[PDB]
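Analysis of the macromolecular model
So you can see what is in the structure, the chains are spelled out below.
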Amino acid sequence: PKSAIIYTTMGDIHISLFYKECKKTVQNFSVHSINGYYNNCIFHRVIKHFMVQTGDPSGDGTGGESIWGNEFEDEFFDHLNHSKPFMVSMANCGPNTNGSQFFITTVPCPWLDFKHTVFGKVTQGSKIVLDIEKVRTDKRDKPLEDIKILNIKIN
């Protein structure tokens, strides 16, 4: 899988995938995407000037599972980092706790290097990500109006 398009209710985010390096992470993402696993997932956690986060079908914030059921390992690479905004990374709760949840950064996040697997980068629709992060959220950072993934196309 070389690239993806995430169709959302606010528009489309095109992503290149780091398939050479992050083989398992890209597989988890692409298989879920194709099976429709991410369809109707909301952006459940949005933090302005930081990141927008999605990939939990429950919408709770703790939900979602990898294609293996069990959580899987991080895949870190020096050349894959958060020095630029609009990187696509796995959410986690510590080392080797990858499920289905992922985020897109809106600012450089180098403090996340070697803590989150970077598995893609936005190539079109960064303005959509910037639109998403500006929405009104509650005290738990959940948008007041749901922003939804409709489909993810894998190329």
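Residues numbered from 1 in each chain as written, not as in the entry; some residues may be left out. Heavy atoms only, no water.

Method-wise, the PDB entry is recorded as coming from X-ray crystallography, at a reported resolution of 1.80 Å.

We now examine the overall build of the protein chain. Across its full length, the protein chain carries 2 helices and 8 strands. The secondary structure elements of the protein chain, listed N-terminal to C-terminal, are β-β-α-β-β-β-β-β-α-β. Here the C-alpha radius of gyration of the protein chain, 14 Å, is about what a compact globule of 155 residues would show, namely 15 Å. Principal axes of the C-alpha set define a box for the protein chain whose edges measure 35 × 30 × 30 Å. Per-residue burial for the protein chain yields a buried fraction of 48% across its 155 residues. For the protein chain, long-range pairs separated by at least 24 residues make up 71% of all intrachain contacts whose partners lie at least 6 apart in sequence. Carbon and sulfur atoms make up 52% of the accessible area of the protein chain, which amounts to about 7500 Å² in all. For the protein chain, the centre of its 17 positive side-chain charges and the centre of its 17 negative side-chain charges are spaced 6 Å apart. (Helix = DSSP H or I, 4+ residues; strand = E, 2+ residues; numbered from the N terminus. Rg over C-alpha atoms; globule rule 2.2 N^0.38 Å. Buried < 20%, exposed > 50% of the residue type's maximum accessible area, 1.4 Å probe, protein only. Contact = heavy atoms within 4.5 Å. Areas by Shrake-Rupley, 256 points an atom, 1.4 Å probe, with all protein chains shown as cover. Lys, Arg positive; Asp, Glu negative; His and termini not counted. Charge placed at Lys NZ, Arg CZ, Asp CG, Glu CD.)

The next subject is the pairing of strand β6 (residues 102-105). Alternating residues of β6 divide into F102 and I104 and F103 and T105, and every residue in both groups is buried. Bridge count between strand β4 (residues 51-54) and β6: 4 bridges; the pairing is antiparallel. Looking across to β6, one finds that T54 is bridged to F102. (Pairing = 2+ DSSP bridges.)

Under the defined criterion, the tally for this structure stands at 9 aromatic pairs. Ring centres of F29 and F102 lie 5.3 Å apart, and the angle between their planes is 90°; this geometry places the pair in the edge-to-face category. Remark: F102 occurs in strand β6 and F29 occurs in helix α1 (residues 23-34); sequence separation between them is 73 residues. Here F29 and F102 have matching classes, each one buried. Here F76 and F114 contribute two aromatic rings whose centre-to-centre distance is 5.2 Å and whose plane-to-plane angle is 50°, an arrangement assigned as tilted. (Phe/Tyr/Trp six-rings, centres within 6.5 Å; stacked < 30°, edge-to-face > 60°.)

The biggest cluster of nonpolar side chains holds 32 residues, and the ones touching the most others in it are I13, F29, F102 and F119. Residue assignment for this core shows that the elements contributing at least two residues are β1 (3-8), β2 (11-17), α1, β5 (87-90), β6, β7 (118-124), α2 (126-133) and β8 (149-154). With residues up to four places along the chain from it excluded, the contact list for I13 reads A4, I5, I6, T8, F43, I104, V122, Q124, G125, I128, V129 and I132. (Core = buried A, V, L, I, M, F, W, Y, C linked by side-chain atoms within 4.5 Å.)

Relative to the assigned elements, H44 resides in the loop between α1 and β3 (45-47). Discounting chain neighbours no more than four positions away, the residues touching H44 are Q53, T54, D56, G59, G61, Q101, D141, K142 and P143.

Here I42 is to be found in the loop between α1 and β3. In this structure the C-alpha to C-alpha distance between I42 and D138, which are 96 residues apart in sequence, comes to 14 Å. Among residues more than four places away in sequence, those in contact with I42 are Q53, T54, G55, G59, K142, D146, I147 and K148.

On to the state of the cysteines. By the definition in use, this model includes 0 disulfides. Unpaired in terms of disulfides, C22 finds its nearest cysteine sulfur in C109, a separation of 17 Å. Given a relative accessible area of 0%, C22 falls into the buried group. No disulfide involves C41; its nearest neighbouring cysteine sulfur is the one of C93, lying 16 Å away. Relative accessible area serves as the criterion here: at 0%, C41 is assigned to the buried category. (Disulfide = S-S within 2.5 Å.)

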